[PDB]
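>>> Partial complex here, more coming in a sec:
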Amino acid sequence: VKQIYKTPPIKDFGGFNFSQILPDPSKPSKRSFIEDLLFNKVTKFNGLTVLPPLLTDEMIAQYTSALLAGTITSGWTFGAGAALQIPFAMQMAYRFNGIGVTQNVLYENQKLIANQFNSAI
């Protein structure tokens, strides 16, 4: 990613829920619920010097949150060039048009799709 994107405080996306993968601002180390499940389910004087990484886990979380927010708000357009905003529902339509399904199938079944997505999450 070229630039950091922070999510808007608007959580209207056509019914889709992303509060389980966006960071909570309340944490000291800004991370999401699923990230916290991930980081908890992973468990000298001979010359052993354990060099730490250049990028700490907080920074990785910053980068991932930026990618995620750009995906949510800008489609794939920020992969190519400058980020171009778009609603999520229309982005979903775009992506269904990519796979041979017309976007009306989304716009008529939007709530069903959102509920399935939230359930899968």
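Now that the structure is in, tell me what you want to look at. Numbering: from 1, shown residues only, chains lettered A, B, ... in the order given.
>>> What distance do you get for residue A:46 to residue A:105?
The gap separating residue A:46 from residue A:105 is 63 Å, by C-beta to C-beta, to the nearest Å. Where you see a C-beta, it was placed from the backbone N, CA and C, and this is true even at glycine.
>>> correction: residue A:4
Taking C-beta to C-beta, one finds residue A:4 at 35 Å from residue A:105.
>>> again with residue A:87
17 Å.
>>> Please apply the same query to residue A:83.
Applying C-beta to C-beta to residue A:83 and residue A:105 gives a distance of 27 Å.
>>> ok, now residue A:52?
50 Å.
>>> more neighbours, those two?
Higher neighbour count among residue A:52 and residue A:105: residue A:105, with 13 against 6, using other C-beta atoms under 10 Å.
>>> Residue A:82: neighbouring residues, count only.
9.
>>> secondary structure class for it?
Using DSSP: H, G, I helix; E, B strand; the rest coil as the criterion, the local structure at residue A:82 reads coil.
>>> so is the residue positioned nearest the centre of chain A in a helix, a strand, or just coil?
The residue lying closest to the centre of chain A (C-alpha atoms, centre = their mean) is residue A:68, at 2.8 Å. What three-state DSSP gives for residue A:68 is helix.
>>> Leaving out sequence neighbours, find the closest residue to it.
residue A:21 (6.4 Å; C-beta to C-beta, 6 or more residues apart in numbering).
>>> Let's add chain B too:
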Amino acid sequence: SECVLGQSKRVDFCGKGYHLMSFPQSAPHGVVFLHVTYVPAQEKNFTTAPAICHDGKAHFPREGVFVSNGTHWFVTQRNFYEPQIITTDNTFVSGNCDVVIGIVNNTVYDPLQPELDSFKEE
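One more chain to add, chain B, which I have set with the ones above:
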């Protein structure tokens, strides 16, 4: 293969941007590709809409979305700004326009009716 002999869809694979084409050059022990992308700029902001209802029937655009020229609902494609007049051959019709959330109101111009109107004048 993917970027010299043809045009890959795979974004973020040969340069940054929508991939157009490339050129290879000789190099000691190596190769140097020269990728050509399509990076856009100079944007405006645009009020958008998912669909348009005209006579109870919805309209989904065949390609592109419905865009802003000011406070009007006109239409063009999704990666270059070139607005059009709403015609029948740019959209198609599937279902009533009442389940569609977020829809706006506009008239839909037809190409055939003014050519039909040339008949009923005479």
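>>> Take the neighbour count of residue A:82 again, chain B included.
14 (other C-beta atoms under 10 Å in any protein chain shown).
>>> May I ask you to confirm that it is in contact with residue B:16?
No - contact criterion C-beta atoms under 8 Å: residue A:82 and residue B:16 do not qualify, at 11.4 Å.
>>> Report the contact partners of residue B:40.
The contact partners of residue B:40, by C-beta atoms under 8 Å, 6 or more residues apart in numbering or on different chains, come to A:80, A:81, A:82, B:79, B:80.
>>> how about the nearest residue to the third one, chain neighbours excluded?
Which is residue A:82. Counting by C-beta to C-beta, 6 or more residues apart in numbering or on different chains, residue A:82 lies nearest to residue B:41, which is 6.3 Å off, once chain neighbours are set aside.
>>> what's around that neighbour, how many residues?
Going by other C-beta under 10 Å, the residues that sit close to residue B:41 add up to 6.
>>> check contacts around the residue nearest in space to the middle of chain B.
Nearest residue to the geometric centre of chain B (C-alpha atoms, centre = their mean): residue B:77, 1.7 Å. If you count contacts by C-beta under 8 Å, 6+ apart, residue B:77 has them with B:63, B:64.
>>> which parts of chain B sit against chain A?
Proximity of chain B to chain A, by C-beta under 8 Å from any C-beta of the partner chain, involves residues B:11-12, B:16-18, B:37-41, B:43, B:45, B:48, B:50-51, B:58, B:60, B:65, B:78, B:94-95, B:99-102.
>>> Also, this goes in as chain C:
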Amino acid sequence: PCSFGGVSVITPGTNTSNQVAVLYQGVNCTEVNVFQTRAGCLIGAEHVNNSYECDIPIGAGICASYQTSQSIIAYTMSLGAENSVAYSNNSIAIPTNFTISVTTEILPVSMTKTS
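So that you can see how it sits with the rest, here is chain C on the chains above:
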């Protein structure tokens, strides 16, 4: 066993100056301008609270640079400019003009057939 560590030197290129910066690995400064990191003891720099892009990585989000007298500074590295996009349910980003850029990419192919 009494404490030890790797000796590492931070510097710009010799075609700039000859000032240095001394980094002690994995042990803190109480046993050697003094600054402390999780990497250890860093001597010969100055802590700044401005965020730049990284020049030389050190560890634990710390990078050093040699800017304008002129001295060694270090800081907590950024991830570029903070930016966000105005989002609604009736907005989108559509372009009007464009450019045609060319990016150099280089991949190694072969090496010398030593025998």
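>>> let's see the contacts of residue B:40 again after adding chain C.
Per C-beta under 8 Å, 6+ apart, neighbours of residue B:40: A:80, A:81, A:82, B:79, B:80, C:95, C:97, C:98, C:99.
>>> So what pairs up with the nearest residue to it once chain neighbours are set aside in the strands?
Leaving aside its sequence neighbours, residue B:40 sits nearest to residue C:95 (C-beta to C-beta, 6+ apart; 3.5 Å). For residue C:95, the beta-bridge partners under DSSP bridges are residue B:43.
>>> surely residue C:95 meets residue B:79?
Yes - the pair residue C:95 / residue B:79 is scored as a contact, 7.2 Å apart, by C-beta under 8 Å.
>>> In terms of neighbours, single out the busier of these two.
Just comparing residue C:95 and residue B:79: by other C-beta under 10 Å the higher neighbour count belongs to residue C:95, 19 against 16.
>>> Now do that one against residue B:78, distance only.
For residue C:95, the distance to residue B:78 - C-beta to C-beta - is 10 Å.
>>> Equivalent analysis for residue C:11, please.
Distance from residue C:11 to residue B:78, by C-beta to C-beta: 51 Å.
>>> Got phi/psi on the closest residue to chain C within chain B?
Per C-beta to the nearest C-beta, residue B:40 is where chain B lies closest to chain C, at 3.5 Å. Main-chain dihedrals, residue B:40, degrees, to the nearest 10: phi -90, psi 160.
>>> shouldn't the residue nearest to the centre of chain A be in contact with residue A:22?
Yes - using C-beta under 8 Å, residue A:68 and residue A:22 qualify as a contacting pair, with a distance of 6.8 Å.
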